[PDB]
$ cat data-v2.pdb   # PDB, N, CA and C atoms
ATOM      1  N   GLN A   1       0.842  -1.192   0.000
ATOM      2  CA  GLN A   1       0.000   0.000   0.000
ATOM      3  C   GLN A   1       0.878   1.243   0.000
ATOM      4  N   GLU A   2       2.105   1.063   0.434
ATOM      5  CA  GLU A   2       3.043   2.141   0.547
ATOM      6  C   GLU A   2       4.147   1.963  -0.470
ATOM      7  N   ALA A   3       4.069   2.686  -1.538
ATOM      8  CA  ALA A   3       5.119   2.684  -2.513
ATOM      9  C   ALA A   3       6.183   3.661  -2.054
ATOM     10  N   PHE A   4       7.364   3.529  -2.582
ATOM     11  CA  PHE A   4       8.465   4.373  -2.184
ATOM     12  C   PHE A   4       8.320   5.715  -2.849
ATOM     13  N   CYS A   5       8.440   6.751  -2.078
ATOM     14  CA  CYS A   5       8.207   8.077  -2.560
ATOM     15  C   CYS A   5       9.472   8.873  -2.710
ATOM     16  N   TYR A   6       9.657   9.349  -3.897
ATOM     17  CA  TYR A   6      10.765  10.164  -4.248
ATOM     18  C   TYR A   6      10.229  11.484  -4.680
ATOM     19  N   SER A   7      10.580  12.506  -3.965
ATOM     20  CA  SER A   7      10.084  13.864  -4.204
ATOM     21  C   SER A   7      10.438  14.373  -5.604
ATOM     22  N   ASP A   8      11.495  13.842  -6.145
ATOM     23  CA  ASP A   8      11.989  14.237  -7.438
ATOM     24  C   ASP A   8      11.651  13.141  -8.445
ATOM     25  N   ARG A   9      11.438  13.511  -9.703
ATOM     26  CA  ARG A   9      10.990  12.538 -10.702
ATOM     27  C   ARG A   9      12.136  11.699 -11.227
ATOM     28  N   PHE A  10      13.346  12.018 -10.833
ATOM     29  CA  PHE A  10      14.487  11.242 -11.250
ATOM     30  C   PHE A  10      14.754  10.086 -10.282
ATOM     31  N   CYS A  11      13.818   9.902  -9.323
ATOM     32  CA  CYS A  11      13.769   8.716  -8.433
ATOM     33  C   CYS A  11      14.904   8.641  -7.413
ATOM     34  N   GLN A  12      15.645   9.702  -7.224
ATOM     35  CA  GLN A  12      16.788   9.607  -6.338
ATOM     36  C   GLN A  12      16.651  10.441  -5.075
ATOM     37  N   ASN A  13      15.448  10.901  -4.785
ATOM     38  CA  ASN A  13      15.224  11.634  -3.536
ATOM     39  C   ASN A  13      14.194  10.919  -2.699
ATOM     40  N   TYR A  14      14.643   9.938  -1.956
ATOM     41  CA  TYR A  14      13.778   9.094  -1.145
ATOM     42  C   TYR A  14      13.381   9.813   0.135
ATOM     43  N   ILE A  15      12.101  10.041   0.310
ATOM     44  CA  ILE A  15      11.614  10.667   1.536
ATOM     45  C   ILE A  15      10.906   9.664   2.418
ATOM     46  N   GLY A  16      10.716   8.482   1.898
ATOM     47  CA  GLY A  16      10.056   7.455   2.637
ATOM     48  C   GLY A  16       9.055   6.752   1.778
ATOM     49  N   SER A  17       8.122   6.097   2.388
ATOM     50  CA  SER A  17       7.082   5.405   1.682
ATOM     51  C   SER A  17       5.742   5.762   2.306
ATOM     52  N   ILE A  18       4.781   6.154   1.492
ATOM     53  CA  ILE A  18       3.457   6.560   1.977
ATOM     54  C   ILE A  18       2.387   6.215   0.954
ATOM     55  N   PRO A  19       1.170   5.870   1.411
ATOM     56  CA  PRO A  19       0.053   5.514   0.522
ATOM     57  C   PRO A  19      -0.683   6.753  -0.012
ATOM     58  N   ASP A  20      -0.234   7.908   0.428
ATOM     59  CA  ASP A  20      -0.760   9.201   0.005
ATOM     60  C   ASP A  20       0.363   9.949  -0.700
ATOM     61  N   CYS A  21       1.144   9.174  -1.412
ATOM     62  CA  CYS A  21       2.358   9.607  -2.095
ATOM     63  C   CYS A  21       2.094  10.741  -3.102
ATOM     64  N   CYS A  22       0.917  10.747  -3.681
ATOM     65  CA  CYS A  22       0.583  11.701  -4.713
ATOM     66  C   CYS A  22      -0.045  12.981  -4.177
ATOM     67  N   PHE A  23      -0.061  13.128  -2.872
ATOM     68  CA  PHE A  23      -0.622  14.319  -2.253
ATOM     69  C   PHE A  23       0.473  15.344  -1.959
ATOM     70  N   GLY A  24       1.554  15.199  -2.673
ATOM     71  CA  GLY A  24       2.669  16.081  -2.611
ATOM     72  C   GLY A  24       3.550  15.784  -3.778
ATOM     73  N   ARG A  25       4.711  16.395  -3.832
ATOM     74  CA  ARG A  25       5.664  16.102  -4.885
ATOM     75  C   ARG A  25       6.150  14.691  -4.665
ATOM     76  N   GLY A  26       6.043  13.865  -5.657
ATOM     77  CA  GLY A  26       6.464  12.526  -5.476
ATOM     78  C   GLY A  26       6.359  11.685  -6.703
ATOM     79  N   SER A  27       7.257  10.788  -6.788
ATOM     80  CA  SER A  27       7.294   9.780  -7.764
ATOM     81  C   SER A  27       7.347   8.505  -6.970
ATOM     82  N   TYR A  28       6.577   7.551  -7.331
ATOM     83  CA  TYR A  28       6.529   6.337  -6.572
ATOM     84  C   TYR A  28       6.967   5.165  -7.396
ATOM     85  N   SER A  29       7.635   4.266  -6.759
ATOM     86  CA  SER A  29       8.066   3.048  -7.360
ATOM     87  C   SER A  29       7.997   1.957  -6.311
ATOM     88  N   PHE A  30       8.175   0.741  -6.726
ATOM     89  CA  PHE A  30       8.118  -0.384  -5.828
ATOM     90  C   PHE A  30       9.529  -0.935  -5.639
ATOM     91  N   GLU A  31      10.493  -0.124  -6.032
ATOM     92  CA  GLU A  31      11.895  -0.456  -5.953
ATOM     93  C   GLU A  31      12.667   0.747  -5.387
ATOM     94  N   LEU A  32      13.796   0.477  -4.755
ATOM     95  CA  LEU A  32      14.596   1.492  -4.098
ATOM     96  C   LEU A  32      15.509   2.218  -5.060
ATOM     97  N   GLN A  33      15.247   3.512  -5.181
ATOM     98  CA  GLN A  33      15.982   4.466  -6.017
ATOM     99  C   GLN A  33      16.355   3.929  -7.415
ATOM    100  N   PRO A  34      15.348   3.629  -8.261
ATOM    101  CA  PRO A  34      15.572   3.110  -9.610
ATOM    102  C   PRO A  34      15.818   4.258 -10.621
ATOM    103  N   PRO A  35      16.120   3.951 -11.898
ATOM    104  CA  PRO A  35      16.240   4.979 -12.932
ATOM    105  C   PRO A  35      14.918   5.781 -13.097
ATOM    106  N   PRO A  36      15.018   7.074 -13.521
ATOM    107  CA  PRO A  36      13.883   8.040 -13.614
ATOM    108  C   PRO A  36      12.602   7.486 -14.257
ATOM    109  N   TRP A  37      12.770   6.656 -15.250
ATOM    110  CA  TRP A  37      11.656   6.122 -16.010
ATOM    111  C   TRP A  37      10.895   5.005 -15.293
ATOM    112  N   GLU A  38      11.447   4.486 -14.215
ATOM    113  CA  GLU A  38      10.830   3.366 -13.508
ATOM    114  C   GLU A  38       9.851   3.817 -12.429
ATOM    115  N   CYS A  39       9.832   5.087 -12.147
ATOM    116  CA  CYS A  39       8.902   5.616 -11.177
ATOM    117  C   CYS A  39       7.685   6.142 -11.882
ATOM    118  N   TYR A  40       6.621   6.270 -11.160
ATOM    119  CA  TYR A  40       5.431   6.883 -11.665
ATOM    120  C   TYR A  40       5.340   8.231 -11.002
ATOM    121  N   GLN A  41       5.275   9.280 -11.770
ATOM    122  CA  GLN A  41       5.200  10.597 -11.196
ATOM    123  C   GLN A  41       3.763  10.917 -10.835
ATOM    124  N   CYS A  42       3.571  11.426  -9.662
ATOM    125  CA  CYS A  42       2.270  11.824  -9.214
ATOM    126  C   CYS A  42       1.888  13.143  -9.848
TER
END
$ encode --input "data-v2.pdb" --output "structure tokens"
Amino acid sequence: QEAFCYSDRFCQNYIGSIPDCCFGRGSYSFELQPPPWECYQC
């Protein structure tokens, strides 16, 4: 329910994991700090 949230769309700014990831700046992925294209930008 908690995808990894990266405030930046390049997936390298991990702020944690939250299920309300898209209620702020965030790109979410199910992997730890992957390449920019592997995250979904909110």
$ residues_around --input "data-v2.pdb" --residues "residue 15 (chain A)" --least-positions-apart "6" --cutoff "6.5 Å" --atoms "all atoms listed in the file" --output "list in words"
residues 5, 6 and 7 of chain A
$ resolve_selection --input "data-v2.pdb" --expression "the PyMOL selection byres ((chain A and resi 39-41) around 6)" --output "PyMOL selection string"
chain A and resi 26-29+35-38+42
$ residues_around --input "data-v2.pdb" --residues "residue 34 (chain A)" --least-positions-apart "6" --cutoff "9 Å" --atoms "only C-alpha atoms" --output "count of residues only"
3
$ resolve_selection --input "data-v2.pdb" --expression "the PyMOL selection byres ((chain A and resi 1) around 6.5)" --output "MDAnalysis selection string"
chainID A and resid 2:3 18:19
$ write_last_selection --input "data-v2.pdb" --atoms "N, CA and C atoms" --output "PDB file, in the coordinates of the input"
ATOM      1  N   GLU A   2       2.105   1.063   0.434  1.00  0.00           N
ATOM      2  CA  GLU A   2       3.043   2.141   0.547  1.00  0.00           C
ATOM      3  C   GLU A   2       4.147   1.963  -0.470  1.00  0.00           C
ATOM      4  N   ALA A   3       4.069   2.686  -1.538  1.00  0.00           N
ATOM      5  CA  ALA A   3       5.119   2.684  -2.513  1.00  0.00           C
ATOM      6  C   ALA A   3       6.183   3.661  -2.054  1.00  0.00           C
ATOM      7  N   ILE A  18       4.781   6.154   1.492  1.00  0.00           N
ATOM      8  CA  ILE A  18       3.457   6.560   1.977  1.00  0.00           C
ATOM      9  C   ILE A  18       2.387   6.215   0.954  1.00  0.00           C
ATOM     10  N   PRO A  19       1.170   5.870   1.411  1.00  0.00           N
ATOM     11  CA  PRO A  19       0.053   5.514   0.522  1.00  0.00           C
ATOM     12  C   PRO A  19      -0.683   6.753  -0.012  1.00  0.00           C
TER      13      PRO A  19
END
